[PDB]
Amino acid sequence: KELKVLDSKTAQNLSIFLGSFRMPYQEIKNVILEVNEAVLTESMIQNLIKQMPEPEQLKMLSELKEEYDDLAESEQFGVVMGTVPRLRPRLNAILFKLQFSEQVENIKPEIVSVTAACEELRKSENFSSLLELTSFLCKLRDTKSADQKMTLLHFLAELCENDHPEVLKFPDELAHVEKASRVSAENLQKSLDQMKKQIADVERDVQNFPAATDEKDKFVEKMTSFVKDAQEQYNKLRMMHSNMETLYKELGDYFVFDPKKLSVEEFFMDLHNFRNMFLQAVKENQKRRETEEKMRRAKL
Amino acid sequence: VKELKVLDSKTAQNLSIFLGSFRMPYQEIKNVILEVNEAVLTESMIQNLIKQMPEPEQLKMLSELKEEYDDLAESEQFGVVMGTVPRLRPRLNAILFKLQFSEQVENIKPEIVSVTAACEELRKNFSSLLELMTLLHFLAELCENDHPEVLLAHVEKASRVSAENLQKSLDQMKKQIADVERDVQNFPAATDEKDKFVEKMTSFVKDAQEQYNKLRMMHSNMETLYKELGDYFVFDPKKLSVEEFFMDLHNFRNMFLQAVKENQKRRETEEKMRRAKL
Amino acid sequence: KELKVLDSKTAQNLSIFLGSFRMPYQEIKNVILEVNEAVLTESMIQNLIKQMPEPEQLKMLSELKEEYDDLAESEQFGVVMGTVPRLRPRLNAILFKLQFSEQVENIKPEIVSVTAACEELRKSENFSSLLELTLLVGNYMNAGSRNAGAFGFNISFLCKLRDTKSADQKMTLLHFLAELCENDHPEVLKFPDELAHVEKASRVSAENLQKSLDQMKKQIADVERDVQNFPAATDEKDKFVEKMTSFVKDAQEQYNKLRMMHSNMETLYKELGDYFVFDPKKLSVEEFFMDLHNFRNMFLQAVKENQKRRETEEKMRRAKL
Amino acid sequence: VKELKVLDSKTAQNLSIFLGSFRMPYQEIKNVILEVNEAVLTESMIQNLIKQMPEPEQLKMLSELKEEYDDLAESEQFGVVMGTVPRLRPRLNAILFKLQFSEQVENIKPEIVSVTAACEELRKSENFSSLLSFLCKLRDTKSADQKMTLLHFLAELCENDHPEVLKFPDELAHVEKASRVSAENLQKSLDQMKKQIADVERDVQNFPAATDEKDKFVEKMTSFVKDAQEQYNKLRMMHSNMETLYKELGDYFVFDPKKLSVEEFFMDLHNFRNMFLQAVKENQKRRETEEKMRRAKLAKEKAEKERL
């Protein structure tokens with residue numbers, strides 16, 4: 001059969017897609033209309049969106065379907081899809097509905113890690129004690145101590161291990177520090193923004209959606225109810241993200257440091273590095289004070 | 001601080017770690033579960049909820065302690081709140097089912113489509129080309145002089161499929177639906193109007209049912225056509241599995257094509273001999 | 001330029017290859033002859049083999065040396081390669097030599113995992129104690145139970161203690177056993193640490209292991225063959241016979257060691273078959289260790305489930321508030 | 001059981017786990033290192049020996065316990081044998097270098113070749129030399145009627161009265177690869193390689209003579225070091241020639257080679273190729289559509305005609 005609208009490759013792709021898809025065009029239409037969640041999936045929508053003929057082509061494909069049987073499977077599909085009101089925006093609202101909960105799930109953790117880390121630090125007394133005996137802390141390893149052949153870090157860690165068995169527990173109170181050092185405050189924000197726009201757009205497309213030109217189209221029906229809930233959820237998320245940014249300020253005072261020059265990621269990435277440096281030093285002392293124990297046995 | 005009166009040490013430890021990262025008011029989590037709030041629920045969440053959810057007996061014992069709610073630890077408070085959601089488990093398993101269904105159909109369908117296509121692709125020239133250097137090159141040779149042009153995009157896919165697991169999946173799906181359906185039919189009376197469970201589920205189960213039926217039609221069909229193959233190439237549709245049939249048919253299409261490519265390479269290399277000599 | 005021998009595609013492919021390769025065709029030839037390992041790599045040899053014009057096609061390009069400069073580069077290369085004796089077996093032997101160490105390194109651990117698992121099983125004082133408690137549990141402390149009086153050392157059977165109720169039906173034999181250990185034989189609980197290679201042994205494939213060895217055996221035999229029949233070197237830069245004769249001996253040495261290690265592995269396994277009464281020729285190594293592994297896992301799960309059950313059972317006691 | 005006499009608790013624990021899985025008799029490990037046995041040694045094997053190896057100070061203290069070898073724990077016996085290998089560390093590092101060399105060269109060459117080939121393809125394509133950053137502004141502002149873009153416009157003009165540009169995009173095979181390369185990293189790779197070769201070379205020169213017929217280190221490394229240098233020199237020849245062809249472009253296209261890095265240059269040049277083909281692709285698209293709309297009316301006309 002010959003093509004009367006679709007262009008070469010475009011038809012080439014639809015032929016494939018729909019083929020390995022295997023599903024009556026009318027069923028696809030009704031699945032899209034009723035938003036059948038027993039059929040629809042993230043990818044399925046991404047594929048329809050990525051394979052759907054341009055609107056201008058759909059208008060051309062429907063402006064002469066009296067010869068339906070005479071159209072290639074690719075263009076027959078085109079005709080059907082030409083019957084769906086507000087196709088593209090409809091598809092995005094649907095895609096959004098399928099993606100939301102999960103893209104929130106992907107964000108929240110970042111926020112919680114940082115939040116927890118900040119909470120952990122402030123409430124960590126052992127780390128406070130460690131500060132006494134003492135951001136610019138990953139430098140102790142780069143100095144010397146009372147005597148020689150032992151970085152200040154070691155002496156600090158040893159002094160801790162001898163009569164401060166407790167300070168040697170601070171790493172076990174800074175659980176989320178590592179997860180926090182992995183976060184990207186920049187990216188964290190971009191996400192909440194893209195999301196902000198995402199919800200806005202879908203709300204618009206809905207508040208601008210037509211009426212029931214077919215008692216099968218139950219779009220505005222659900223979608224309006226969803227956006228509502230997606231909103232309540234986005235707000236709560238933003239509040240969490242604010243509580244984070246906020247709690248990170250409090251540390252900028254208590255531990256006194258500039259929360260404008262040092263990002264949340266960078267900051268913690270160092271506190272984490274130091275926490276390791278400390279654990280490393282402790283292991284090194286245990287080694288030294290283990291071989292030296294022999295160097296004195298070798299005199300016997 | 002805060003003694004445990006029901007949860008066992010480890011359950012409490014785990015529930016605590018879990019809640020402390022989920023970060024969400026327990027009552028709100030309850031509502032989310034009740035109304036199957038799809039703007040919050042995800043496959044992971046449900047699975048995690050199911051994995052962490054204290055056992056029924058522990059939830060009960062806790063529900064009989066709502067009294068000192070403020071004295072109970074976080075882990076045990078979540079318990080009290082969850083201990084008020086009727087049919088927690090079958091409910092959670094139904095939601096997990098709704099969240100997973102379309103995905104599993106999407107992952108099962110392609111296996112059937114490939115195999116089906118390979119079957120359709122065959123019936124619709126490669127027949128005469130085997131029954132009749134090596135034998136391949138020989139027959140290939142003839143299909144170049146006397147019967148040329150007598151030289152399947154799914155035959156390859158079909159060879160990687162596994163008929164056995166394909167059946168197990170459909171059978172596994174069948175149970176899943178039947179189980180959800182049963183749980184729904186045996187569900188309590190929704191007092192708290194915030195519980196839109198029986199409604200949603202009864203409807204979804206209907207849809208999954210229609211899709212499963214359609215999916216099973218595609219299956220049986222696939223097998224029907226496979227036997228149509230046991231006719232033309234007269235063989236035991238059970239002695240040789242779909243996987244194998246197309247595996248051979250595949251290793252075949254290759255060797256022949258290679259035999260052809262090899263022939264043509266000698267072919268041209270001869271042209272680059274007739275000219276060079278004159 | 002214009003092709004005098006090579007088909008069209010071969011000329012194309014070979015060009016892109018020689019191109020993004022940048023190296024005088026003679027230099028390439030010397031690298032192959034000298035088996036220069038400061039240049040040669042596994043990928044490099046594989047490609048030369050994949051892109052090398054057919055043996056016959058190289059023969060033809062031999063009558064075209066006068067017009068070397070007239071020929072297209074793809075064919076110039078063909079002209080050079082055409083000068084190298086036993087080009088393909090040579091190339092295959094070099095690839096073999098470059099891959100040999102990794103190959104041994106990938107077979108050895110399978111053998112070491114199974115072997116160590118067997119030794120660990122023999123030497124585990126706590127697992128041995130556990131077997132005894134198992135006999136005690138099924139032959140004397142649960143007369144009611146399933147096969148009471150017929151328990152032995154079958155490992156897969158131990159995997160079923162989980163599916164059988166003990167005397168009082170408030171516990172499976174597995175849990176009964178676990179509690180017995182926890183209460184009166186704590187040390188036994190440390191048996192898992194005494195079986196470090198068991199999990200790895202469960203993931204092995206005796207069949208593939210055997211295939212790997214036989215393959216290595218043929219690979220080495222083939223190279224030796226090719227070396228035994230190799231033509232006397234004309235060009236001084238041809239180090240093949242020199243390097244490869246030596247290598248083959250070395251590789252044969254390693255393979256024999258592998259074969260013997262594998263043979264020792266099979267011997268220990270036969271011993272396990274008589275001790276845990278199973279047929280080595282019917283219960284693959286991975287099957288046996290998967291059973292031992294799964295048992296170790298469920299036994300540990302059983303212990304946690306007991307502690308849990310014990311803890312909540314105390315909340316029932318303190319319910320008297 | 002078996003009291004440790006030198007090793008620190010951790011090292012011994014780790015050595016034990018390691019030796020538990022490596023399972024190669026200690027003499028055999030030494031023999032293999034001394035023979036530099038290629039049928040046995042692997043990059044991974046050597047990296048693990050290096051990582052597990054007790055520090056020099058411990059190997060020396062164990063080196064003085066040969067008489068009690070049989071009473072020592074497995075990890076310390078291993079230490080004793082290893083302790084008898086002269087220049088163990090430089091030996092192990094040179095061996096690792098010899099195993100890694102040809103491949104780290106193989107991972108550098110490609111980049112140099114991509115950029116090099118790109119520079120060559122460019123200079124040999126007048127098809128581009130002509131087309132004259134701004135190409136962006138055209139794609140920005142719409143044509144007379146919003147119906148099109150000024151880039152499509154220029155693209156169609158070329159496509160009509162200069163159809164010898166449809167090839168341009170296909171004569172820039174390595175430009176994309178070149179856009180991904182990193183000039184700075186390439187340099188480091190080369191300097192890092194030079195240093196590695198120097199250090200090994202140094203160790204071979206200051207290396208103790210063999211006192212047994214099994215130690216093949218000097219014989220092999222001295223020879224290999226010569227081969228690595230030859231290859232490195234050639235690798236550098238290629239590199240500088242790459243920097244030179246690029247320099248040549250700073251003129252043939254007037255632009256400061258110091259300012260704009262190699263990645264920067266071919267990245268823009270990559271996007272350009274993209275933007276153009278884009279327009280051409282798009283033009284051919286809407287022009288194909290117009291064609292079908294024409295045949296649409298024609299048929300829809302012969303229709304109403306044949307009908308009546």
# chains A, B, ... in the order shown; residues from 1 in each chain; ligands from 1

call {"tool": "interface_residues", "arguments": {"of": "chain A", "to": "chain D", "cutoff": "8 Å", "atoms": "only C-alpha atoms", "output": "mmCIF file with N, CA and C atoms, in the first residue's frame"}}
result
data_model
loop_
_atom_site.group_PDB
_atom_site.id
_atom_site.type_symbol
_atom_site.label_atom_id
_atom_site.label_comp_id
_atom_site.auth_asym_id
_atom_site.auth_seq_id
_atom_site.Cartn_x
_atom_site.Cartn_y
_atom_site.Cartn_z
ATOM 1 N N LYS A 4 -0.068 8.281 1.866
ATOM 2 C CA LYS A 4 -0.733 9.480 1.388
ATOM 3 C C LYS A 4 -0.490 10.687 2.290
ATOM 4 N N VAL A 5 0.090 10.443 3.461
ATOM 5 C CA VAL A 5 0.368 11.509 4.417
ATOM 6 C C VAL A 5 1.742 11.346 5.057
ATOM 7 N N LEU A 6 1.887 10.301 5.863
ATOM 8 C CA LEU A 6 3.141 10.033 6.551
ATOM 9 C C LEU A 6 4.347 10.052 5.628
ATOM 10 N N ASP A 7 5.478 10.475 6.179
ATOM 11 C CA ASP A 7 6.723 10.559 5.433
ATOM 12 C C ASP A 7 7.601 9.336 5.686
ATOM 13 N N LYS A 287 48.496 -0.448 65.115
ATOM 14 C CA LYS A 287 49.531 -1.208 64.438
ATOM 15 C C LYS A 287 50.870 -0.884 65.085
ATOM 16 N N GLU A 290 51.639 -2.081 68.281
ATOM 17 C CA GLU A 290 51.503 -3.530 68.231
ATOM 18 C C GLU A 290 52.843 -4.130 67.828
ATOM 19 N N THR A 291 53.570 -3.407 66.981
ATOM 20 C CA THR A 291 54.874 -3.866 66.543
ATOM 21 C C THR A 291 55.885 -3.421 67.591
ATOM 22 N N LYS A 294 56.468 -5.586 70.255
ATOM 23 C CA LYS A 294 57.386 -6.674 69.926
ATOM 24 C C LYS A 294 58.832 -6.201 69.991
#

call {"tool": "interface_residues", "arguments": {"of": "chain C", "to": "chain D", "cutoff": "7 Å", "atoms": "only C-alpha atoms", "output": "PyMOL selection string"}}
result
chain C and resi 20+37-41+100-102+112+247+250-251

call {"tool": "write_last_selection", "arguments": {"atoms": "N, CA, C and O atoms", "output": "PDB file, in the first residue's frame"}}
result
ATOM      1  N   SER C  20      42.636   4.050  11.359  1.00  0.00           N
ATOM      2  CA  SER C  20      42.603   4.373  12.780  1.00  0.00           C
ATOM      3  C   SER C  20      43.655   3.568  13.543  1.00  0.00           C
ATOM      4  O   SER C  20      43.688   3.575  14.771  1.00  0.00           O
ATOM      5  N   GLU C  37      55.685  -7.776  22.821  1.00  0.00           N
ATOM      6  CA  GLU C  37      54.594  -7.550  23.751  1.00  0.00           C
ATOM      7  C   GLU C  37      54.494  -6.157  24.348  1.00  0.00           C
ATOM      8  O   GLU C  37      53.692  -5.901  25.245  1.00  0.00           O
ATOM      9  N   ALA C  38      55.288  -5.239  23.815  1.00  0.00           N
ATOM     10  CA  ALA C  38      55.208  -3.854  24.260  1.00  0.00           C
ATOM     11  C   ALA C  38      54.193  -3.167  23.329  1.00  0.00           C
ATOM     12  O   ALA C  38      53.778  -2.045  23.576  1.00  0.00           O
ATOM     13  N   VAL C  39      53.797  -3.859  22.262  1.00  0.00           N
ATOM     14  CA  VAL C  39      52.826  -3.324  21.314  1.00  0.00           C
ATOM     15  C   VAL C  39      51.567  -4.200  21.244  1.00  0.00           C
ATOM     16  O   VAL C  39      50.442  -3.711  21.365  1.00  0.00           O
ATOM     17  N   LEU C  40      51.771  -5.497  21.045  1.00  0.00           N
ATOM     18  CA  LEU C  40      50.671  -6.440  20.938  1.00  0.00           C
ATOM     19  C   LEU C  40      49.778  -6.440  22.163  1.00  0.00           C
ATOM     20  O   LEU C  40      50.246  -6.269  23.290  1.00  0.00           O
ATOM     21  N   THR C  41      48.483  -6.607  21.918  1.00  0.00           N
ATOM     22  CA  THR C  41      47.478  -6.680  22.961  1.00  0.00           C
ATOM     23  C   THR C  41      46.475  -7.672  22.427  1.00  0.00           C
ATOM     24  O   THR C  41      46.456  -7.964  21.233  1.00  0.00           O
ATOM     25  N   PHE C 100      46.449 -16.697  27.762  1.00  0.00           N
ATOM     26  CA  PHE C 100      46.682 -17.799  28.684  1.00  0.00           C
ATOM     27  C   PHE C 100      46.625 -17.534  30.185  1.00  0.00           C
ATOM     28  O   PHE C 100      45.951 -18.255  30.908  1.00  0.00           O
ATOM     29  N   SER C 101      47.322 -16.518  30.660  1.00  0.00           N
ATOM     30  CA  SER C 101      47.327 -16.219  32.090  1.00  0.00           C
ATOM     31  C   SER C 101      45.952 -15.912  32.641  1.00  0.00           C
ATOM     32  O   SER C 101      45.598 -16.354  33.727  1.00  0.00           O
ATOM     33  N   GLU C 102      45.189 -15.114  31.914  1.00  0.00           N
ATOM     34  CA  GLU C 102      43.879 -14.746  32.395  1.00  0.00           C
ATOM     35  C   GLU C 102      43.051 -16.008  32.459  1.00  0.00           C
ATOM     36  O   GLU C 102      42.336 -16.244  33.421  1.00  0.00           O
ATOM     37  N   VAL C 112      39.791 -23.999  43.388  1.00  0.00           N
ATOM     38  CA  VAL C 112      40.152 -23.641  44.737  1.00  0.00           C
ATOM     39  C   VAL C 112      38.922 -23.484  45.626  1.00  0.00           C
ATOM     40  O   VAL C 112      38.966 -23.807  46.817  1.00  0.00           O
ATOM     41  N   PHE C 247      57.180 -20.862  25.614  1.00  0.00           N
ATOM     42  CA  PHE C 247      55.858 -20.621  26.184  1.00  0.00           C
ATOM     43  C   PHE C 247      55.036 -21.892  26.319  1.00  0.00           C
ATOM     44  O   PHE C 247      54.452 -22.150  27.367  1.00  0.00           O
ATOM     45  N   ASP C 250      55.891 -23.776  29.257  1.00  0.00           N
ATOM     46  CA  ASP C 250      55.375 -23.089  30.430  1.00  0.00           C
ATOM     47  C   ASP C 250      53.878 -23.250  30.577  1.00  0.00           C
ATOM     48  O   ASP C 250      53.379 -23.493  31.665  1.00  0.00           O
ATOM     49  N   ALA C 251      53.152 -23.122  29.479  1.00  0.00           N
ATOM     50  CA  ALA C 251      51.718 -23.247  29.555  1.00  0.00           C
ATOM     51  C   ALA C 251      51.364 -24.693  29.890  1.00  0.00           C
ATOM     52  O   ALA C 251      50.465 -24.943  30.693  1.00  0.00           O
TER      53      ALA C 251
END

call {"tool": "residues_around", "arguments": {"residues": "residue 121 in chain A", "least_positions_apart": "5", "cutoff": "9 Å", "atoms": "only C-alpha atoms", "output": "PyMOL selection string"}}
result
chain A and resi 116+127-128+173-174+177+251

call {"tool": "atom_distance", "arguments": {"atom1": "CA of residue 158 in chain B", "atom2": "CA of residue 125 in chain B"}}
result
18.8 Å

call {"tool": "residues_around", "arguments": {"residues": "range 176-189 of chain D", "least_positions_apart": "2", "cutoff": "12 Å", "atoms": "only C-alpha atoms", "output": "VMD selection string"}}
result
(chain C and resid 20) or (chain D and resid 101 104 to 122 169 to 174 191 to 196 232 235 to 236 238 to 240 242 to 243 246 257 to 258 260 to 274)

call {"tool": "closest_atom_pairs", "arguments": {"of": "range 72-154 of chain B", "to": "range 23-34 of chain B", "cutoff": "12 Å", "atoms": "only C-alpha atoms", "output": "CSV"}}
result
residue,atom,partner,partner_atom,distance
B:74,CA,B:26,CA,9.5
B:75,CA,B:26,CA,10.3
B:76,CA,B:26,CA,10.9
B:77,CA,B:26,CA,8.0
B:78,CA,B:26,CA,5.7
B:79,CA,B:26,CA,9.0
B:80,CA,B:26,CA,9.4
B:81,CA,B:27,CA,6.5
B:82,CA,B:30,CA,6.5
B:83,CA,B:30,CA,9.8
B:84,CA,B:30,CA,8.7
B:85,CA,B:30,CA,7.3
B:86,CA,B:34,CA,9.3
B:87,CA,B:34,CA,10.6
B:88,CA,B:33,CA,8.8
B:89,CA,B:33,CA,10.9
B:90,CA,B:33,CA,11.9
B:91,CA,B:33,CA,8.4
B:92,CA,B:33,CA,7.7
B:93,CA,B:33,CA,11.2
B:94,CA,B:33,CA,11.0
B:95,CA,B:33,CA,8.5
B:96,CA,B:33,CA,11.0

call {"tool": "closest_residue", "arguments": {"among": "A:60, A:247, A:107, A:87", "to": "chain B", "atoms": "only C-alpha atoms"}}
result
A:107

call {"tool": "closest_residue", "arguments": {"among": "A:99, A:242, A:92, A:148", "to": "chain B", "atoms": "only C-alpha atoms"}}
result
A:99

call {"tool": "residues_around", "arguments": {"residues": "residue 241 in chain A", "least_positions_apart": "3", "cutoff": "10 Å", "atoms": "only C-alpha atoms", "output": "short mmCIF file (atom, residue, chain, number, x, y, z; two decimals) with N, CA and C atoms, in the first residue's frame"}}
result
data_model
loop_
_atom_site.label_atom_id
_atom_site.label_comp_id
_atom_site.auth_asym_id
_atom_site.auth_seq_id
_atom_site.Cartn_x
_atom_site.Cartn_y
_atom_site.Cartn_z
N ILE A 107 13.80 11.99 44.67
CA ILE A 107 14.26 13.24 45.26
C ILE A 107 14.34 13.18 46.78
N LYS A 108 13.20 12.90 47.41
CA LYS A 108 13.11 12.83 48.86
C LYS A 108 14.34 12.27 49.58
N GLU A 110 17.54 12.23 48.85
CA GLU A 110 18.63 13.20 48.88
C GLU A 110 18.40 14.18 50.03
N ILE A 111 17.21 14.76 50.04
CA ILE A 111 16.82 15.72 51.07
C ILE A 111 16.97 15.14 52.47
N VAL A 112 16.44 13.93 52.66
CA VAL A 112 16.49 13.24 53.95
C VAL A 112 17.92 12.92 54.39
N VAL A 114 20.75 14.59 53.70
CA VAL A 114 21.30 15.85 54.18
C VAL A 114 20.66 16.24 55.50
N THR A 115 19.33 16.25 55.53
CA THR A 115 18.63 16.60 56.74
C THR A 115 19.14 15.78 57.91
N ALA A 185 23.39 19.56 45.83
CA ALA A 185 22.42 20.61 46.12
C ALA A 185 21.94 21.32 44.86
N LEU A 188 19.61 18.87 43.22
CA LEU A 188 18.45 18.74 44.09
C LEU A 188 17.45 19.85 43.78
N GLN A 189 17.95 21.07 43.62
CA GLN A 189 17.08 22.20 43.32
C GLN A 189 16.48 22.09 41.93
N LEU A 192 13.38 19.92 41.91
CA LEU A 192 12.19 20.53 42.49
C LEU A 192 11.62 21.59 41.56
N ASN A 235 4.33 20.25 47.65
CA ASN A 235 4.46 21.26 48.70
C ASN A 235 5.20 20.69 49.89
N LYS A 236 4.78 19.52 50.35
CA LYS A 236 5.41 18.89 51.51
C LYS A 236 6.88 18.63 51.23
N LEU A 237 7.18 18.29 49.99
CA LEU A 237 8.55 18.02 49.60
C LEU A 237 9.35 19.32 49.74
N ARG A 238 8.85 20.39 49.12
CA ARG A 238 9.51 21.70 49.18
C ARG A 238 9.76 22.13 50.63
N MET A 244 15.73 21.55 55.20
CA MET A 244 17.10 21.11 54.98
C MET A 244 17.99 22.34 54.88
N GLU A 245 17.76 23.15 53.84
CA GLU A 245 18.52 24.38 53.63
C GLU A 245 18.62 25.17 54.94
N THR A 246 17.51 25.21 55.67
CA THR A 246 17.46 25.91 56.94
C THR A 246 18.39 25.26 57.97
N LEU A 247 18.19 23.97 58.24
CA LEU A 247 19.04 23.27 59.21
C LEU A 247 20.53 23.36 58.89
#

call {"tool": "interface_residues", "arguments": {"of": "chain C", "to": "chain B", "cutoff": "9 Å", "atoms": "only C-alpha atoms", "output": "PyMOL selection string"}}
result
chain C and resi 3-8+57+307-312+315-316+318-319

call {"tool": "atom_distance", "arguments": {"atom1": "CA of residue 35 in chain A", "atom2": "CA of residue 94 in chain A"}}
result
7.3 Å

call {"tool": "atom_distance", "arguments": {"atom1": "CA of residue 85 in chain A", "atom2": "CA of residue 228 in chain A"}}
result
22.7 Å

call {"tool": "residues_around", "arguments": {"residues": "residue 201 in chain A", "least_positions_apart": "3", "cutoff": "12 Å", "atoms": "only C-alpha atoms", "output": "PyMOL selection string"}}
result
chain A and resi 89-90+92-93+96+194-198+204-208+227

call {"tool": "residues_around", "arguments": {"residues": "residue 306 in chain C", "least_positions_apart": "6", "cutoff": "8 Å", "atoms": "only C-alpha atoms", "output": "VMD selection string"}}
result
chain C and resid 175 178 to 179

call {"tool": "write_last_selection", "arguments": {"atoms": "N, CA, C and O atoms", "output": "JSON list (two decimals), in the first residue's frame"}}
result
[["chain", "number", "residue", "atom", "x", "y", "z"],
["C", 175, "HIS", "N", 14.17, -25.35, 63.89],
["C", 175, "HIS", "CA", 14.17, -24.46, 65.04],
["C", 175, "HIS", "C", 14.52, -25.18, 66.33],
["C", 175, "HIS", "O", 15.19, -24.64, 67.21],
["C", 178, "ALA", "N", 18.18, -25.53, 66.26],
["C", 178, "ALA", "CA", 18.78, -24.23, 66.50],
["C", 178, "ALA", "C", 18.70, -23.83, 67.98],
["C", 178, "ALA", "O", 19.68, -23.32, 68.55],
["C", 179, "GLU", "N", 17.56, -24.07, 68.60],
["C", 179, "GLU", "CA", 17.43, -23.71, 70.01],
["C", 179, "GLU", "C", 18.33, -24.58, 70.89],
["C", 179, "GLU", "O", 18.94, -24.09, 71.85]]

call {"tool": "closest_residue", "arguments": {"among": "A:83, A:76, A:26, A:101", "to": "chain B", "atoms": "only C-alpha atoms"}}
result
A:101

call {"tool": "closest_residue", "arguments": {"among": "C:176, C:230, C:140, C:127", "to": "residue 88 in chain C", "atoms": "only C-alpha atoms"}}
result
C:230
